[PDB]
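Protein chains in written order, with my numbering: chain G, 8 to 186; chain E, 122 to 303; chain D, 146 to 326; chain W, 1150 to 1336; chain L, 9 to 190; chain V, 290 to 475; chain H, 20 to 199; chain R, 20 to 199; chain P, 1332 to 1514. Let me begin by presenting the structure, written as structure tokens, before commenting on it.
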Ligand SMILES: O=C1[C@H](Cc2cnc[nH]2)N2C(=O)CCN(C(=O)NCc3ccccc3)[C@H]2CN1Cc1cccc2ccccc12
Ligand SMILES: O=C1[C@H](Cc2cnc[nH]2)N2C(=O)CCN(C(=O)NCc3ccccc3)[C@H]2CN1Cc1cccc2ccccc12
Ligand SMILES: O=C1[C@H](Cc2cnc[nH]2)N2C(=O)CCN(C(=O)NCc3ccccc3)[C@H]2CN1Cc1cccc2ccccc12
Ligand SMILES: O=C1[C@H](Cc2cnc[nH]2)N2C(=O)CCN(C(=O)NCc3ccccc3)[C@H]2CN1Cc1cccc2ccccc12
Ligand SMILES: O=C1[C@H](Cc2cnc[nH]2)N2C(=O)CCN(C(=O)NCc3ccccc3)[C@H]2CN1Cc1cccc2ccccc12
Ligand SMILES: O=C1[C@H](Cc2cnc[nH]2)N2C(=O)CCN(C(=O)NCc3ccccc3)[C@H]2CN1Cc1cccc2ccccc12
Ligand SMILES: O=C1[C@H](Cc2cnc[nH]2)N2C(=O)CCN(C(=O)NCc3ccccc3)[C@H]2CN1Cc1cccc2ccccc12
Ligand SMILES: O=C1[C@H](Cc2cnc[nH]2)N2C(=O)CCN(C(=O)NCc3ccccc3)[C@H]2CN1Cc1cccc2ccccc12
Ligand SMILES: O=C1[C@H](Cc2cnc[nH]2)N2C(=O)CCN(C(=O)NCc3ccccc3)[C@H]2CN1Cc1cccc2ccccc12
Ligand SMILES: O=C1[C@H](Cc2cnc[nH]2)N2C(=O)CCN(C(=O)NCc3ccccc3)[C@H]2CN1Cc1cccc2ccccc12
Ligand SMILES: [Mg+2]
Ligand SMILES: [Mg+2]
Ligand SMILES: [Mg+2]
Ligand SMILES: [Mg+2]
Ligand SMILES: [Mg+2]
Ligand SMILES: [Mg+2]
Ligand SMILES: [Mg+2]
Ligand SMILES: [Mg+2]
Ligand SMILES: [Mg+2]
């Protein structure tokens, strides 16, 4: 982590947040904290969320998602390298018209992953829970992309890799960012 | 394992007298052995009673149903006798014995509960696994109802959590017919 | 991790925001208790804001936080973001009356305490009596805090019970779903 | 394994009964192939009985059994007891026409083949092509054996598909569900 | 394991109606001993059986499998403690035919309350606690019947590890006689 | 994990509390923890020999000797040491709770206090086992005598009540004499 | 890491030098992307120097760096020192035209992408198709950057292909061997 | 184990020779107890010969063997070959009076019992009392078998006490050193 | 997590400013090196003022302990020793090494003395050398302990054959300390 401020701290000064890892609670807590801080500094100026992430925890993803929608500033999203799973969800959650990917960036969508062990009743509860979570994700993706819930369901049944151009056509981003 | 003398290990000697020992966790190996023994004993004599000793914590449901189905299939009555413990699929098999010939010894423990399992992967895979174990439970409960004379509704309630029964309670419940007195 | 002009968490603490963003253990509880006591000393009148994104954890560590909240003079707002499960949802419900919040897609889960015991029968008995008393304590406070009967709380926490933000509001675990500003 | 004055499995083999009661690997396949060939040599006309309680296993091992069954003259009856999954359900369906059975509470599961591949892109490609060809081969034979279309088999095996004995019969994986008087010779 | 002519040494002792419980009690051991007891009854319903006990104890349900089989069969089962009988081992020592429970002079007898475990939800812990407490009550009641001591005294005396000499075990009522040299 | 505070100097939160004479015993008691707490007690006495010190206890207990390092330092120094149980005080933790200045031992309402007999181990020769047994028995006699003095309960009662794990509510800890007061909200 | 009064790496960044001296993963990509952004913001006209001593690593992480290089205004010079293998050599070739360098004894290796897949046939199919497409993408860009045909790139990357600095130049992966 | 036309050990048992050639655990004790009772049943008058090459082991398992020796009618000769340590040397001393032997270079070691305890103070107390009572029992019987005082045995077993065969004879652990 | 006092010191450094050294761990070479360095520094600051060595230690390395012992004896200032919690083995040896009249324990502190521990593997000759070494070391420890306590070497040898736990009061009567420090 080079110094100038460490490099990430320096970027944050210019309202740039870097989501560059698996999404877990720690990452979500930091990005939530950064979003709230930037709102407090200036409630009008755009924020820039860089996304290079293979995804991760859905609830941690939703911590970031809800904070983005809560605050006043537009949050631009820029996919660089890869946005997969909850990462592609957050990519699609950026301000309308301000969701971007660079030309060689990859976007992947798939259904949520999980686990359950124990009694039949416990398995049932866990199964109902991840199914409801999927419905929730699909509903929001539908609203964000313009695709039907039915299409999202079908298209996320297995790993679905998209180019930046394909992500744009899908409605996950608004624009491929040109040199 | 002791030998008796015609030289038999003790278990083989009991089998000569139509006694089968289910004395471990139920897995596919155990089921294959017990199924083989049942089919052998039917061939040896299609009419004479078979005696199935049960000291088991249960195990695989499918392995258990291998034994269950073979018992119901063959012509001989299969007596069941709980000694020590019959839990889960073990208690299911105890209840599967010929009507009137299901026993426990006085200090034997019988435990009933819902089936256990696991699933990891995609939501759709979790769904399939969940639906499978729920159907499995419905299947078990339906047969338990038929074998005990209890309603399915009561079986469901009574198996929600671990439910330990004395021999005498197992009799009242309809899991066995009699407590075998000295 | 990032720094401003303060690490980001310390910067939020300057504005009376405490982040409960992990499993609750004694270390987390000690930290949050300390922050709560400091904030009271700095300003006994201004509200405090407790962010909760937690799968829960130690009950006694949870009660450390709970008792400090109730002890101090300032109102402690609770805001569920991401997930509040188990002792996490308990603390969510323990916020100042009228100032318990969840964001729209936040998840709230309630269930019964988990534990373990091994040894002699008498030791198992002691352990069982303990966790049962702990559950009664938890359920009574939840009853008081939500307006639900103890009997309903008992039934509703028998197994894992997942609630949406709106359901958590209807239940009385929170007062309001926080809508976009 | 108890003894009868023969270990129990050997005693059953005497009556032309083969027990497939485990995961299918090369050892299991070598054993069953040898038993089939032996039984044919003893008597080329009498039926053989293949018991199946198996979660499946190796596809190549399974095809060793499959091909030996179809090679020998005797009919090989199949009976599912407990569970027949994956390659196990394939072998269940490979029994002599009219002589494939399941007991009432037996479980039958069908799904697509599982595998792995690591290394260079071209190596991954080769592995992918190989398992995809293997699936086509399995599906074609299942189609012939069940009377279901390849298209239906493909759709039905995309994920784990659990069938009851009765469902397996209507699917054509088996021919019949084996269903179960007073006397005074009980003792 | 040496051979005699062809018997392994233990099988030779079984020929003379001697069963060796010389290990921790688990389901496998219980199944073996049960099988031996039933075989010996079938061989001769009237001649005494000798159960050698050198055991630190083990599974209570496994122990009860042995216990109930002893009480069920017609022949008297003598018990002889050699080395150590602890826990379920001492329970089975006490379960021998009245007047035919023995220990050799330097044999050790230890009684204590049952051990176990529980994890999971409070309700699950409660179920496990009620179960082991009921098991202890069952053990204590039978020990009371077998020793002539009150249930309350058994409870106190098994609260922690309680080591007895052979003579002390006789005075307690766990055995009838200390077997002195020939 | 540990946030910083800045006033008109920069402090980690724990250092800031120490500035106001608050010491945190918030972990298992071992030699390192005891060393830190002893050092803090000495320092605070030196800073002011008359002003109260506040010892927060959220601890499952731990080393008896390490506990006695803290105990003896509390008794040695001139300032009253208030004890405040928050979360849990168990074993040596509850011993130190009971060790606070008379009238200034507290617990918050849902704090858990647990008392039991000391734990230990010994392996090797019979005579080595004997030495270890005599040691832990003497140690228990020492603990119980002090507990008796601190609570007003008889040694006989303490012996009985610590035979196995004994979970007390804050209110029960007060009636037992382990604390003086259940701390009500400010 | 020595200090200058800056740690050494921070000191080099002050003079618009970025050090890629490890395996390429997401964390490394994130750092280099950030440095590239920062240096653009400091001065959009002055050249940036990217040192490459890397065995390669994540293709997606490498494309984060690749795309950021092509996005920003400043020319990014690339200098291979020690080794540039796999995605490392890809990024070496991605430097500003006329400003891709290697020192005389630096090693350059090109090969096809590596990966893995396990599970159902259809999952293996998806993984296979993905890495094959990734290889097409890599090869197409290499073709554009080197001036070699896609067909030649495919052949030459079928197995590990070690090049000297001089060989890398005549291949078109670099423009010049930096001579003492 | 070679075969004779019997495994070698079974052949020796035919001539009333029992091999205690390992650590003493419950399995070993059960086997030896069984052999002793069998040999008594075969002939209640003829001597038995117990070979001892053992580092000792479980005290209770040792007492299983000990009590069986004293119980049966036949004299049980003991012959230490190689090493008899701890419970091994206790059993050596337990042979029929006048018929306890060691070969010249055999090693005899006596020491106090080993054990362990963990948990609550009162549990440690119970375990301590137990092992102390066991040592009193061992020492009382050793005293009876050797003619040495309980006080002397206590002192001599405080730590590992290695004896030659000749020293074992003067100690009273054996009667005779068996000469070629 | 060591707290800071503010001129910003961690708590241990703050105590060192008042000439208090804290030995609160197993004695190894690192611990000895630090304590030796502290003793030297304090002597350099002021060669006349007392130093205070707090001891809560289960002991450890004999040679490390002797690095501390020798440095205490070498420097001009009196080094007081105060046993808090536990002083075992080499820890109790260092407690006894304090300036005469200035060795203390708090009332519930525990002092344990025993013989040194060690190990040896290899050839008979190597075992012999190791044995002779540890036996010499014990003679050295016992002789110094005799000088420090006023007890005979013969008594020290007997009393250290096995773990010997002393109360603070007993440690005083034994001569390991001068005084039990009363509140
Ligand atoms: O789309 C934009 C635009 C594009 C722009 C215009 N002029 C320079 N860059 N933008 C702004 O309009 C203001 C903030 N900003 C700065 O660079 N600000 C300067 C700066 C200062 C200190 C450190 C870093 C950057 C950028 C951030 N992003 C999003 C962005 C985020 C993360 C990584 C990226 C990689 C490649 C392209 C975009 C990226
Ligand atoms: O409910 C509130 C309200 C909401 C508000 C009103 N005006 C701005 N925000 N609130 C206050 O009323 C004062 C303190 N504060 C600041 O933002 N203060 C400004 C600030 C300064 C410096 C750093 C960060 C924030 C917030 C904290 N929270 C709780 C809270 C915690 C953590 C993460 C959250 C994410 C989303 C919503 C809420 C969050
Ligand atoms: O379906 C059949 C038929 C019909 C039949 C007769 N009794 C039950 N089912 N069959 C024959 O017609 C000849 C061979 N045979 C014998 O039982 N032969 C007698 C015998 C002798 C010695 C040992 C075992 C069995 C059986 C074998 N099988 C297949 C089979 C295999 C394995 C386990 C099974 C469990 C349950 C039902 C069938 C099973
Ligand atoms: O009982 C008390 C009393 C109670 C009081 C009276 N007015 C405010 N609080 N007390 C003092 O009388 C002086 C020191 N102090 C401060 O708060 N001082 C102010 C301060 C300044 C800077 C940081 C923290 C605290 C408190 C500490 N404690 C003990 C204590 C310790 C740890 C955590 C606790 C959590 C809940 C209750 C008590 C706690
Ligand atoms: O190709 C042949 C030929 C031709 C043949 C095929 N079916 C019957 N005959 N052959 C002989 O001409 C003599 C030996 N033999 C017997 O079966 N002999 C009878 C016999 C007796 C006893 C035990 C086993 C087999 C066979 C062995 N093989 C090779 C072979 C090996 C292993 C498994 C096989 C499975 C399927 C086909 C071939 C197999
Ligand atoms: O309930 C019965 C009845 C009734 C009976 C007669 N004597 C004891 N019980 N029964 C028969 O009617 C014929 C077969 N049989 C023999 O003992 N047969 C004799 C024999 C011969 C050779 C070896 C063993 C047993 C018994 C088996 N069982 C079931 C049984 C199984 C396993 C362990 C048990 C332990 C305790 C009680 C029952 C047990
Ligand atoms: O015996 C003494 C005496 C006793 C005294 C006098 N006034 C207060 N205490 N003493 C001095 O005479 C000068 C140095 N000093 C300070 O405390 N100085 C003040 C101070 C300043 C800064 C930080 C801490 C303490 C103390 C150190 N020790 C030794 C000592 C060491 C370690 C831990 C101990 C725990 C309990 C008792 C003693 C301890
Ligand atoms: O002291 C004796 C004497 C000595 C004797 C006299 N003639 C031969 N040997 N003795 C008997 O008086 C009868 C039994 N016996 C046989 O050798 N019997 C013959 C035999 C037959 C088959 C296998 C082994 C031995 C021996 C056993 N022992 C004890 C003994 C035990 C174990 C190992 C020993 C090693 C060395 C010396 C003694 C040993
Ligand atoms: O108490 C008895 C009684 C009385 C008796 C006779 N001699 C010694 N004790 N008993 C019989 O009345 C018939 C069966 N039997 C034989 O020895 N039978 C002879 C025999 C033949 C073949 C092999 C072994 C033993 C003995 C078994 N036991 C129990 C017993 C079990 C195990 C190990 C023991 C060790 C020491 C004492 C007793 C032991
Ligand atoms: O032999 C010497 C001599 C003699 C001396 C020792 N004590 C007083 N005088 N010496 C000097 O003549 C100049 C440097 N110095 C200081 O102490 N200087 C003062 C000082 C200032 C600040 C910090 C530490 C020491 C010492 C260092 N050494 C070597 C030495 C090294 C390391 C640890 C030792 C431990 C014990 C003895 C010697 C040690
Ligand atoms: Mg916004
Ligand atoms: Mg039947
Ligand atoms: Mg409040
Ligand atoms: Mg055929
Ligand atoms: Mg009987
Ligand atoms: Mg005080
Ligand atoms: Mg550029
Ligand atoms: Mg004798
Ligand atoms: Mg000095």
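Every residue, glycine too, gets a C-beta built ideally from N, C-alpha and C.
Asked, Found
"Cβ atoms of residue 1169 (chain W) and residue 1252 (chain W): under 8 Å apart, would you say?", "no"
"Could you name the residues of the same chain whose beta carbon sits closer than 7 Å to that of residue 1171 (chain W), not counting the 5 residues immediately before and after it, in chain order?", "1177 and 1203"
"Helix, strand or coil for residue 1378 (chain P) per DSSP?", "coil"
"Using C-beta distances below 8 Å, list every residue in its chain close to residue 166 (chain E), excluding the 5 sequence neighbours before and after it, in chain order.", "139 and 197"
"Do residue 135 (chain E) and residue 172 (chain L) have their beta-carbon atoms positioned less than 8 Å apart in this structure?", "no"
"Relative to chain V, which residues along the stretch 166-188 of chain R have a C-beta separation below 9 Å, given in chain order?", "177 and 178"
"Relative to ligand 5, is the shortest distance from any of its heavy atoms to the C-beta of residue 1162 (chain W) smaller than 7 Å?", "no"
"Within 7 Å: the Cβ of residue 1383 (chain P) and any heavy atom of ligand 7?", "yes"
"Where does the unbroken alpha helix (DSSP H) through residue 163 (chain L) begin, and where does it stop?", "159-165"
"I'd like to confirm the pairing. Which residues does DSSP put opposite residue 199 (chain D) in its beta bridges?", "D:229"
"Does the distance between the C-beta of residue 90 (chain L) and the nearest non-hydrogen atom of ligand 8 fall short of 7 Å?", "no"
"Give the residues from the stretch 401-415 of chain V that approach chain R closer than 7 Å (Cβ to any Cβ), ordered along the chain.", "406, 407, 408, 409, 410, 411, 412, 413, 414 and 415"
"Mind checking who residue 1167 (chain W) pairs with in its DSSP beta bridge?", "W:1199"
"Chain G partners of residue 147 (chain E), CB-CB under 7 Å?", "The contacting residues do not exist; residue 147 (chain E) stays about 18 Å from chain G at best."
"Using a Cβ cut-off of 9 Å, pull out every chain V residue sitting near residue 80 (chain R), in sequence order please.", "Those within 9 Å of residue 80 (chain R) in chain V number zero; the least Cβ separation is about 18 Å."
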